[PDB]
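What follows is one structure encoded as structure tokens, with my remarks underneath.
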Amino acid sequence: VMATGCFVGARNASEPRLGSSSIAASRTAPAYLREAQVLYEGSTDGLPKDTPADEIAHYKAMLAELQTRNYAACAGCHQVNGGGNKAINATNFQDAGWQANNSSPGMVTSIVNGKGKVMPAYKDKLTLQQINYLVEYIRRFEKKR
Amino acid sequence: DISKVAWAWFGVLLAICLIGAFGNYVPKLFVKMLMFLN
Amino acid sequence: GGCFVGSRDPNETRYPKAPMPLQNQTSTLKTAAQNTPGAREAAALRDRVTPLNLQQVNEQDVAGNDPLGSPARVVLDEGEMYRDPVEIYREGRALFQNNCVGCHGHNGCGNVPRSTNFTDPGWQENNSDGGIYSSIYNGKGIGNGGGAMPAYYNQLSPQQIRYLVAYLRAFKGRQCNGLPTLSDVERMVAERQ
Amino acid sequence: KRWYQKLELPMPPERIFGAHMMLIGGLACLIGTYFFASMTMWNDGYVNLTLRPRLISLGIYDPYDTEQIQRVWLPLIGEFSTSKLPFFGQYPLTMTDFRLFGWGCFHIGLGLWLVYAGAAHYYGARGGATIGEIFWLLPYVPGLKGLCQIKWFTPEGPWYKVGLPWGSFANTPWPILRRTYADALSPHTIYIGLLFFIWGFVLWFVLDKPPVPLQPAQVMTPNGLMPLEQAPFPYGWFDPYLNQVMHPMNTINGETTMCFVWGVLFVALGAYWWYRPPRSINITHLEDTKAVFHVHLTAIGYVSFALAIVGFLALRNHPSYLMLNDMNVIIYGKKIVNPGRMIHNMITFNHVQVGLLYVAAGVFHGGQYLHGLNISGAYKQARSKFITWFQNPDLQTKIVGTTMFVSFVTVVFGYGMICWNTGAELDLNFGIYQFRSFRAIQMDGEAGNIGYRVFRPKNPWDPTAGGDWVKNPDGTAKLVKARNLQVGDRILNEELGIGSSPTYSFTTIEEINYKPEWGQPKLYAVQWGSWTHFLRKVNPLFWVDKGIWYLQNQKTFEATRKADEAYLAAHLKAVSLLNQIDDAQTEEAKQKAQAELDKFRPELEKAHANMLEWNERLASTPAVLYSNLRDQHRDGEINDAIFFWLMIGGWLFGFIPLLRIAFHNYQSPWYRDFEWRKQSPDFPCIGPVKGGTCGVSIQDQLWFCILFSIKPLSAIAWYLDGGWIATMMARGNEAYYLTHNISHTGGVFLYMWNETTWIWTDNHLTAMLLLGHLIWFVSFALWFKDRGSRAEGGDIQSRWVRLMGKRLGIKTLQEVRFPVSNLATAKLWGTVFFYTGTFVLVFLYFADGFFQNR
Amino acid sequence: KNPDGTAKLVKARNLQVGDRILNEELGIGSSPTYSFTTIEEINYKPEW
Amino acid sequence: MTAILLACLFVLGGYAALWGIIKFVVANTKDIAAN
Amino acid sequence: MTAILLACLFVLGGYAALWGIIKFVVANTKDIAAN
Amino acid sequence: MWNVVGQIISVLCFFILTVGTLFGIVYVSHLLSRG
Ligand code: 2GO
Ligand code: CLA
Ligand SMILES: CC(C)CCCCCCCCCCCC(=O)OC[C@H](OC[C@H](C[N+](C)(C)C)C(=O)O)OC(=O)CCCCCCCCCCCC(C)C
Ligand SMILES: CNCCOP(=O)(O)O[C@H](COC(=O)CCCCCCCCCCCC(C)C)OC(=O)CCCCCCCCCCCC(C)C
Ligand SMILES: CNCCOP(=O)(O)O[C@H](COC(=O)CCCCCCCCCCCC(C)C)OC(=O)CCCCCCCCCCCC(C)C
Ligand SMILES: CNCCOP(=O)(O)O[C@H](COC(=O)CCCCCCCCCCCC(C)C)OC(=O)CCCCCCCCCCCC(C)C
Ligand SMILES: CC(C)CCCCCCCCCCCC(=O)OC[C@@H](OC(=O)CCCCCCCCCCCC(C)C)OP(=O)(O)OCCN
Ligand code: HEC
Ligand code: HEC
Ligand SMILES: [Ca+2]
């Protein structure tokens, strides 16, 4: 005997919405990416018309709070679909060469710290668990070649 | 077949141990005795 | 092992460069060859081949200790940065060969797992010069001293990171046989840096 | 067994003499070739690089020499058929190449002559010797037997073939000759005095570097004739790296004046001994060369150690090595970072190695002379105090046991402090304790206006405490500007952008408005956590260094202190004014506050300029003991304190087996209790009795000293080369090290990985890495309690192979017996392998270049 | 060469077996002990 | 010169220190044998 | 399944091959004592 | 001033616990093996 289980602690997650485990949500890809898309887009508008009433209004409250801390949404630098803006030098997430030459762990700190001149730091805006969700959503923008 | 001397050393090391634990886990899980919180 | 090293390449002169300044480049105190038979050919030859900013730099001159060396405040003037290919090549290949080959390969195509690969066009197109400075200065990934891509803010100067930034853009679209040459740097600079 | 035991002491004087003379001639020939390999047509390598700073300081290697030569001693000098100066007339030669060539040829001519003469004393000793026994693999050539049967060096012969006509030193009737080694101590040191004069005259008149105070007013440079004090380094006395005129005894002209100072002193001490030679009863047994061999070999080892210390400090920042950094040093195609310091570090660590090896060996040879006294029954009769002072076994156990204790305490302190601070730097939660890191946040200037959310406790001092986030009057979480942080505040780790400390959530402000004693001229809020920064002061050398240094720099130290104090007051008042602004509430009250910080801005600017410039001046003062890569003061560090404790404790750990050799070569307290006695100096054991007895002999104690000493020797290598020795995991780029202006390459383990990034850039260095790693672990095959297994299995192999030979018809296979190393020869070769494996890998750490910030 | 005397640049498509190219025209600094790469096989497509 | 003398003296004082320690132990445990 | 079967068959084949060698040696050196 | 004192107390405790634990390993080794 030893690991009587293993005392690793409780998992950090995002905000709780009543009646729907947030800890669980943070490991279930379809839940975490729904919250990543909300953060990414700055609205609840592109969310599946199947979204529940409680969900759609919890997201809005999340956004409204973030709007008071001058949070700037990811889309529209990077667009709703990726592959940003050459003008602004905003990264194109659809590109496979950009995707292969980034690890997901590495990507994290570039969102936390910001990246050179224009891409802003998000360490005081978002939690490290909300950055993890966004790294996962950006992964799904990849196209071939 | 332990000595008293050794038992007593063992009690003294049990104290340091628990004193340390109390400082590590008491402010965190109760929100009090805030001088040792991290 | 000893003595039977080769002949030295005639193109690598030993003719001496001026000494590294004692004064800090960030000082607020007071700021920042002859005609002898072959001395002019040797000076002209040292002016292309022997690097001037290879040595670790004074401790007050490192980018984290420089008032204008943070990613937010550094000056990336494209005219000064892509001015001289001799210079980008002279400096960035010495710095790169020393510091960066270990993890990014002798070809600069990636050695350590997940490491960058500077020949990749998709990676080139989606990075700014200022972006490249940030990741050298900060490192990439979570960890003490940067992550798996280590931080350089103690270690390198802002001027040393800028030679590195310009050199790294000579990797674009090259094959996986060693490092960019003098004419890779020059074709990179002609096609607008 | 005896193959390395062919030549054992005592020997007769003519044979020692003659072999030393022959070896001296041989070394002069090797140096002569090193002079040839220094010529400018070759690549840089490690051999020619370790001599170039010295040849620059001598004037023989000239860095600014460009012209090519075509006639210099006699009419045939560009290039010519069959070289004209054989194998060298292919390349362009300069004057430094010719100077090098000539000094090479001179060292090979003297060397060959000394080899011949040494042979005359060595073999004319024995009355002569025939050509085929001198050269010995000369009778194998056929049709040249007759040639190899002549007798050279005979006592009788015509002038070009004599050895010693009288047969021995003792028989030759030259009444100047001294007759005992103590009487010879006087001529040997007059002789060394004469050598010092030779060197001084060669430096003054051949190399043209006269002695202080007779140095020239003018000296020729590549830019013309200049005055000595403005002429740069190799030519004159101006140091162009540090921007100063050199002290006269920091030039080579200083070294030529010491040639005469030391030569006069040796001549006079030798003439004193001529008249009152050493005569003590405590010295008389030292005429036997077995006994003196101990004394001389251990002394020589100490001399090497002192060469390392003296050479390291004296030459760490000297222009001869820094000049290397200006040449364009390329080794196995690379380009080295700071070659100056790399070659300097190699030479001093070379000498430290030699130091250890000769102190350890000299003591072993000592234990051999004592063991023989015990075997022969004479130990008990010895009359010298240097033996009898240590004859008592109760005193020996107290000597050994108290140095074991002193070792225990210093090594527990050092290694325990290393472990503590590596725990601190890693933030490790042990359940019973959370280790915490150093973190800093700037409180002044523009940084001081960045806000954070703060959890602020109510009253730290009382338990049943509680805290709350700092809010606004309406109840929202207010952002606290770093300038306004207080002791006790907690800021979330995630918002400072810190991963890497997942077991806790907050960083705590422990000190505010902190200004490093030695570091950046900035103001911080700090978490000290568990990081022991006070431990730098737990070093006697911190205080001596900083005291001498304060006394020498006391006025600028005082003006710096006062400029800091004025800036702190001005920053504090700026923070008041900024706060009144931020807490205005009336567009009028805002506007008026803003007006008053505007008229106080100038003079905050001035206090900051004043402070910055005084701090820059103070940090440019000359070093005493602890220095920069320039030659400027640094304060002592945790690194320097740990090195200090580690030198005390780790050299005792290494040297305790030498004490055991000295006392217990024959009987130790374990042995005496069983009534045992060590019968030889090299037996491996006496078997399994009493639990096991491997490793008690003096040859084994010798091997243990060497392995144990690997540890202080690696601490020295890591320290020389720029590693952090005070923790295991330290990285160069982190907040503690940048705020305190510290440069390092590693952290014990972290250094191993970080330097190897540099090693990997060189294919020749990585091949050395692979091989040196193969050598070490094979030593484990020889050191483990395993030799019986190996002999039993080698017998199975022998049998099989002879079977195959019978079955197959192979006569040479049919009697094969594999040799298996017995126990003593295994411990010897295992130690040889363990030592050469490690120190070929340590060479690599020096040879990747030196990367500490300058 | 050219007829004009200056070094002809051979396009990679026309490399033949036997050809030597200078290591330093290819940027290789890791092999300082030999001077040229030899082409030993042209139009090679990896089986896999 | 100053740093050279300091280092040297610090090593020489390392040996001198130890001897003194050892001398104190020997004198103050005279008449206790260590068996 | 095919991969699992191939890998297991190769491990048992190494054992079987060793048995065959070690028995080609025994059978044809039966007149010679090993020693 | 007060951080320093606090840190000295943790370091003391660590030395008391690690050296203390090491000697207990020796004592325990001793009781098993023999007395
Ligand atoms: C790090 C990159 C690379 C990898 C691939 C690597 C791996 C490994 C492995 C493996 C399977 O992964 C092994 C098994 C291994 C083996 C070895 N390596 Zn190794 N190795 C590398 C590289 C190197 C290098 C360059 C070197 C070794 C050196 C050595 C040596 C180690 C020889 C030895 O026994 O050394 C004891 C000394 C050590 C560990 C150095 C201690 C430094 C420190 C600063 C001393 C001061 C502080 C201490 C806490 C002690 C205080 C108390 C005291 C003074 C009494 C052997 C061949 C070797 C060395 O450290 O020798 C002292 C050496 O120089 N190695 N090594
Ligand atoms: C380089 C690693 C090395 C090698 C090759 C060996 C070899 C061997 N050991 Mg030794 N051993 C080693 C390390 C190694 N050991 C270590 C680290 C220890 C301590 C734990 C030991 C402890 C030890 C014990 C106690 C015993 C052995 C035994 C054996 C033999 C096994 C019988 C056999 O099965 O033949 C099969 C042979 C092989 C599988 C080896 C083929 C050989 C190699 C790889 C070529 C070797 C290259 C060499 C390093 C290069 C230098 C050559 C130079 C000219 C280029 C075998 C010859 C047994 C023995 O029988 O003794 C005679 C035995 O009893 N080993
Ligand atoms: C240091 C180097 C520069 C090389 C040195 C020179 C030689 C190089 C080339 C290799 C030489 C190999 C010679 C091996 C040999 O013949 O060994 C024979 C020998 O002694 C037995 C008799 C002498 N009785 C015993 C009669 C007095 C003899 O032959 O002279 O041995 C040993 O006993 C030592 C072991 C030698 C190793 C040979 C093993 C070869 C492996 C074969 C295994 C498999 C079979 C089936 C082929
Ligand atoms: C990255 N650069 C780091 C060095 O920077 P920088 O230039 O600032 O500073 C000097 C230190 O460098 C030395 O100078 C080391 C030379 C090593 C060769 C020399 C290493 C040898 C050390 C000791 C040798 C012991 C032998 C003889 C037993 O930093 C010093 O203060 C060192 C002073 C050494 C004195 C310590 C005294 C301890 C007493 C030992 C007692 C031993 C015995 C009782 C058995
Ligand atoms: C098989 N005979 C027994 C092996 O005897 P041991 O067990 O004694 O141990 C060796 C010992 O080394 C030394 O005591 C140094 C001596 C030479 C000095 C060394 C001098 C250095 C040499 C390098 C110099 C040359 C270079 C520079 C060119 O070490 C090892 O443990 C390593 C394993 C070696 C592999 C052995 C070879 C295999 C042969 C068995 C065949 C079996 C079957 C086919 C049936
Ligand atoms: C017989 N019973 C009685 C006592 O026996 P006893 O222990 O004296 O005897 C021997 C021999 O003395 C040596 O020990 C020879 C090397 C000395 C100079 C050495 C002469 C040749 C080797 C070195 C020189 C080579 C170069 C210079 C050409 O028994 C052994 O040590 C047997 C082991 C060696 C067998 C080879 C094992 C592996 C070979 C080396 C490979 C290892 C490498 C990975 C490092
Ligand atoms: C590689 C190795 C093998 C070679 C070793 C090199 C030896 C070099 C010798 C080191 C020479 C140092 C002198 C230069 C110097 O000290 O400079 C000036 C120094 O003036 C002096 O005192 C002059 C008197 C010097 C008379 C001493 C002779 C030394 C004897 C050597 C014995 C060696 C043994 C036997 C191991 O200035 P300050 O300290 O006052 O100011 C601080 C400097 N910031
Ligand atoms: C105002 C523009 C802007 C906004 C808002 C913005 N970004 Fe960026 N971002 C940029 C620009 C410009 C870059 C290019 C960075 C550089 O210089 O290399 C970039 C770069 C990146 C990269 C690539 C980083 C890397 O390491 O290679 C990621 C991932 C990224 N942004 C994610 C985000 C996410 C997630 C958000 C919102 C949470 C976001 N960005 C918000 C403009 C923006
Ligand atoms: C310890 C190994 C290591 C060293 C040393 C190292 N790197 Fe890297 N590097 C990496 C890894 C791993 C990545 C991939 C990071 C990620 O995405 O996870 C990387 C990525 C980068 C990137 C891309 C960053 C970005 O955001 O896209 C740049 C630029 C970089 N390295 C440059 C350099 C330069 C210049 C040097 C020398 C100064 C250097 N590297 C040294 C390992 C290393
Ligand atoms: Ca190094």
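A note on labels: chains of the structure tokens are A, B, ... as shown, every chain counts residues from 1, and ligands are counted from 1 in their shown order.
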Go through the chains and note each residue within 6 Å of ligand 4, using only C-alpha atoms and all ligand atoms, then give the set as a count of residues only.
22
Mind listing the residues within 7 Å of ligand 9, only C-alpha atoms and all ligand atoms counted, as a PyMOL selection string?
(chain A and resi 101-107+110) or (chain C and resi 96+99-100+102-104+112-116+127+131-132+135-136+140-141+148-150+152+164) or (chain D and resi 757)
If you keep N, CA and C atoms, can you produce a file of those selected residues as a compact mmCIF listing (two decimals), in the first residue's frame?
# COMPACT_ATOMS: atom_id res chain seq x y z
N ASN A 101 4.70 24.12 -36.12
CA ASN A 101 5.87 24.59 -35.43
C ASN A 101 5.58 25.21 -34.07
N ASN A 102 4.42 24.93 -33.50
CA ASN A 102 3.97 25.31 -32.17
C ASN A 102 3.60 24.09 -31.35
N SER A 103 4.07 23.94 -30.11
CA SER A 103 3.44 22.99 -29.20
C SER A 103 2.35 23.71 -28.43
N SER A 104 1.40 22.98 -28.00
CA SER A 104 0.30 23.49 -27.20
C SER A 104 0.76 24.02 -25.87
N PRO A 105 1.57 23.32 -25.11
CA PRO A 105 2.23 23.95 -23.99
C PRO A 105 2.93 25.26 -24.31
N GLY A 106 3.70 25.33 -25.40
CA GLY A 106 4.36 26.57 -25.74
C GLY A 106 3.40 27.68 -26.08
N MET A 107 2.37 27.38 -26.84
CA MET A 107 1.36 28.35 -27.25
C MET A 107 0.75 29.12 -26.09
N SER A 110 2.66 32.34 -24.84
CA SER A 110 2.49 33.39 -25.78
C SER A 110 1.14 34.10 -25.66
N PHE C 96 24.25 32.09 -33.69
CA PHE C 96 23.41 30.95 -33.93
C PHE C 96 24.11 29.62 -33.77
N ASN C 99 24.86 29.17 -29.83
CA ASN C 99 23.75 29.08 -28.95
C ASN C 99 22.55 28.39 -29.25
N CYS C 100 22.21 28.28 -30.49
CA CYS C 100 21.00 27.78 -30.96
C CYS C 100 21.00 26.47 -31.68
N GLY C 102 22.38 23.32 -30.88
CA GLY C 102 22.11 22.30 -29.96
C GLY C 102 20.69 21.79 -29.98
N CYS C 103 19.74 22.63 -29.83
CA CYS C 103 18.31 22.34 -29.85
C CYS C 103 17.63 22.48 -31.22
N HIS C 104 18.05 23.34 -32.08
CA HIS C 104 17.42 23.48 -33.37
C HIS C 104 18.02 22.82 -34.55
N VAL C 112 15.48 19.22 -30.81
CA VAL C 112 14.80 18.86 -29.58
C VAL C 112 13.32 18.71 -29.90
N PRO C 113 12.62 17.75 -29.35
CA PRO C 113 11.19 17.55 -29.63
C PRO C 113 10.33 18.79 -29.56
N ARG C 114 9.59 19.01 -30.61
CA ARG C 114 8.75 20.12 -30.88
C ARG C 114 9.49 21.41 -31.15
N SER C 115 10.77 21.47 -31.34
CA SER C 115 11.52 22.71 -31.50
C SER C 115 11.28 23.38 -32.72
N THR C 116 11.44 24.66 -32.81
CA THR C 116 11.07 25.35 -34.06
C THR C 116 11.45 25.01 -35.45
N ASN C 127 4.98 34.99 -38.09
CA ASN C 127 5.78 35.61 -37.05
C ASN C 127 6.24 36.98 -37.48
N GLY C 131 7.57 39.71 -32.63
CA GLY C 131 7.21 38.41 -32.13
C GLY C 131 8.38 37.48 -31.85
N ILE C 132 9.30 37.40 -32.81
CA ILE C 132 10.54 36.64 -32.65
C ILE C 132 11.38 37.17 -31.49
N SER C 135 9.64 35.94 -28.05
CA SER C 135 10.01 34.57 -27.73
C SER C 135 11.48 34.33 -27.42
N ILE C 136 12.40 35.14 -27.94
CA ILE C 136 13.74 34.95 -27.42
C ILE C 136 13.86 35.53 -26.03
N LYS C 140 9.57 30.24 -24.27
CA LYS C 140 8.26 29.65 -24.70
C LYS C 140 7.94 28.55 -23.95
N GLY C 141 6.81 28.52 -23.32
CA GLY C 141 6.34 27.42 -22.49
C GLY C 141 6.47 27.74 -21.03
N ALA C 148 10.58 24.97 -22.50
CA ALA C 148 11.46 24.16 -23.28
C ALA C 148 12.30 25.02 -24.27
N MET C 149 11.81 26.16 -24.74
CA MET C 149 12.47 27.17 -25.46
C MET C 149 12.90 28.03 -24.28
N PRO C 150 14.14 28.03 -23.88
CA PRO C 150 14.58 28.91 -22.75
C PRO C 150 14.60 30.44 -22.97
N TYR C 152 16.13 34.24 -22.66
CA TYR C 152 17.40 34.82 -22.80
C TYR C 152 17.55 36.20 -22.11
N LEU C 164 20.16 37.99 -34.32
CA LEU C 164 19.50 36.76 -34.37
C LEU C 164 18.16 36.81 -35.15
N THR D 757 24.33 21.86 -24.19
CA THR D 757 23.92 22.57 -25.41
C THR D 757 25.13 23.13 -26.18
Please find the residues contacting ligand 3 at a distance of at most 7 Å between atoms, with only C-alpha atoms and all ligand atoms counted, and report them as JSON, numbers by chain.
{"D": [801, 804, 805, 812, 813, 815, 816, 817, 818, 819]}
For C-alpha atoms, I'd like the residues from the last selection saved as a PDB file, in the first residue's frame.
ATOM      1  CA  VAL D 801      36.842 -22.113 -27.353  1.00  0.00           C
ATOM      2  CA  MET D 804      35.757 -25.543 -31.029  1.00  0.00           C
ATOM      3  CA  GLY D 805      39.399 -25.730 -31.751  1.00  0.00           C
ATOM      4  CA  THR D 812      45.997 -22.139 -32.106  1.00  0.00           C
ATOM      5  CA  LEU D 813      42.534 -22.234 -30.511  1.00  0.00           C
ATOM      6  CA  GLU D 815      45.003 -24.194 -25.935  1.00  0.00           C
ATOM      7  CA  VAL D 816      43.450 -20.797 -25.189  1.00  0.00           C
ATOM      8  CA  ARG D 817      43.016 -19.543 -21.592  1.00  0.00           C
ATOM      9  CA  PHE D 818      41.485 -16.139 -21.161  1.00  0.00           C
ATOM     10  CA  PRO D 819      43.321 -14.017 -18.559  1.00  0.00           C
TER      11      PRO D 819
END
Taking 2 positions as the minimum chain separation for residues in the same chain, which residues sit within 7 Å of region 11-18 of chain B when counting only C-alpha atoms? Answer as a ChimeraX atom specification.
/B:7-9,20-22 /D:432 /H:13,17
Would you mind writing down, as a list in words, each residue of region 156-393 of chain D that DSSP on the backbone assigns to strand (DSSP E)?
residues 218, 219, 220, 221, 224, 225, 226, 227, 238, 239, 244 and 245 of chain D
Could you list, as JSON, numbers by chain, all protein and nucleic acid residues with an atom at most 8 Å from ligand 2, counting only C-alpha atoms and all ligand atoms?
{"D": [774, 777, 778, 779, 780, 781, 782, 783, 784, 786, 787, 788, 789, 790, 791, 792, 793, 794, 795, 796, 797, 820]}
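Distance-wise, CA of residue 743 (chain D) and CA of residue 727 (chain D) end up 14.3 Å apart.
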Spatial neighbours of residue 715 (chain D), 8 Å, only C-alpha atoms, chain gap at least 4 places, as a tab-separated table (two decimals) with C-alpha atoms, in the first residue's frame:
chain	number	residue	atom	x	y	z
D	643	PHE	CA	32.44	27.35	-2.31
D	646	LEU	CA	32.90	23.20	0.41
D	711	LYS	CA	34.33	15.82	-5.50
D	719	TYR	CA	33.16	27.33	-10.12
D	725	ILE	CA	27.12	25.73	-7.02
Check the DSSP output for the backbone and give back, as number ranges by chain, the residues of region 807-851 of chain D in helix (DSSP H, G or I).
D: 807-808, 811-813, 823-847
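For the choices D:613, D:14, D:583, D:700, the atom-to-atom distance to chain C is smallest for D:613 when using only C-alpha atoms.
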Output the neighbourhood of ligand 8 as a PyMOL selection string, that is, all protein and nucleic acid residues with some atom at most 6 Å from the ligand, counting only C-alpha atoms and all ligand atoms.
(chain A and resi 40+72-74+77+88-91+107+110-111+115-116+118-119+134) or (chain C and resi 127-128+130-131)
Shell around residue 24 (chain H) at 12 Å using only C-alpha atoms, local window under 3 positions removed, as a ChimeraX atom specification
/B:2-3,5-10,13 /H:16-21,27-31
Write out as a list in words each polymer residue whose atoms come within 9 Å of residue 13 (chain E), counting only C-alpha atoms; drop sequence neighbours fewer than 2 positions from it.
residues 10, 11, 15, 16, 42 and 43 of chain E
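Atom to atom, CA of residue 30 (chain A) and CA of residue 124 (chain A) stand 25.9 Å apart.
CA of residue 57 (chain A) is positioned 13.9 Å from CA of residue 39 (chain A).
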Identify, counting only C-alpha atoms and all ligand atoms, the protein, DNA and RNA residues located within 7 Å of ligand 1, and give them as a PyMOL selection string.
chain D and resi 411+414-415+646-647+649-650+653+710-712+714-715+718+725+748+752-753+756+769+772-773+776-777+837-839+841-845
Distance filter 6 Å around ligand 6, atoms: only C-alpha atoms and all ligand atoms, out as a PyMOL selection string
chain D and resi 1+775+819-822+825
Those residues with N, CA and C atoms, as a JSON list (two decimals), in the first residue's frame please?
[["chain", "number", "residue", "atom", "x", "y", "z"],
["D", 1, "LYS", "N", 50.53, -6.86, -9.50],
["D", 1, "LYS", "CA", 51.78, -7.55, -9.69],
["D", 1, "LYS", "C", 52.81, -6.63, -10.29],
["D", 775, "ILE", "N", 34.75, 4.66, -21.22],
["D", 775, "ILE", "CA", 35.85, 4.41, -20.28],
["D", 775, "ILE", "C", 35.39, 4.33, -18.79],
["D", 819, "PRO", "N", 42.81, -14.55, -19.83],
["D", 819, "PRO", "CA", 43.32, -14.02, -18.56],
["D", 819, "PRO", "C", 42.23, -13.23, -17.85],
["D", 820, "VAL", "N", 42.02, -13.49, -16.58],
["D", 820, "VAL", "CA", 41.09, -12.69, -15.81],
["D", 820, "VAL", "C", 41.89, -11.94, -14.76],
["D", 821, "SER", "N", 41.73, -10.65, -14.73],
["D", 821, "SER", "CA", 42.34, -9.77, -13.73],
["D", 821, "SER", "C", 42.12, -10.24, -12.31],
["D", 822, "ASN", "N", 43.18, -10.44, -11.55],
["D", 822, "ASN", "CA", 43.08, -10.64, -10.12],
["D", 822, "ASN", "C", 42.76, -9.31, -9.43],
["D", 825, "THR", "N", 45.10, -5.84, -9.33],
["D", 825, "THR", "CA", 45.24, -5.24, -10.65],
["D", 825, "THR", "C", 43.92, -4.78, -11.21]]
Surroundings of ligand 7 up to 8 Å, based on only C-alpha atoms and all ligand atoms, as number ranges by chain:
D: 247-251, 254-255, 258, 303-312, 314-315, 347-348, 622-624, 631; F: 1-4
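Excluding residue 78 (chain A) itself and any same-chain residue fewer than 3 positions from it, the protein and nucleic acid residues within 9 Å of it, counting only C-alpha atoms, are residues 74, 75, 81, 82, 83, 84, 85, 90, 91, 92 and 93 of chain A.
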Export of prior selection with C-alpha atoms as a PDB file, in the first residue's frame:
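Okay, this is what ended up in selection12.pdb:
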ATOM      1  CA  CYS A  74      -9.700  37.179 -30.443  1.00  0.00           C
ATOM      2  CA  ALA A  75     -11.828  37.216 -33.489  1.00  0.00           C
ATOM      3  CA  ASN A  81     -12.466  31.815 -38.897  1.00  0.00           C
ATOM      4  CA  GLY A  82      -8.479  32.159 -38.487  1.00  0.00           C
ATOM      5  CA  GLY A  83      -5.705  33.253 -40.388  1.00  0.00           C
ATOM      6  CA  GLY A  84      -5.752  36.601 -39.326  1.00  0.00           C
ATOM      7  CA  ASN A  85      -4.670  39.569 -40.905  1.00  0.00           C
ATOM      8  CA  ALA A  90      -2.163  38.792 -37.001  1.00  0.00           C
ATOM      9  CA  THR A  91      -1.572  35.172 -36.924  1.00  0.00           C
ATOM     10  CA  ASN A  92      -3.328  32.740 -39.408  1.00  0.00           C
ATOM     11  CA  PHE A  93      -4.357  29.709 -37.359  1.00  0.00           C
TER      12      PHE A  93
END
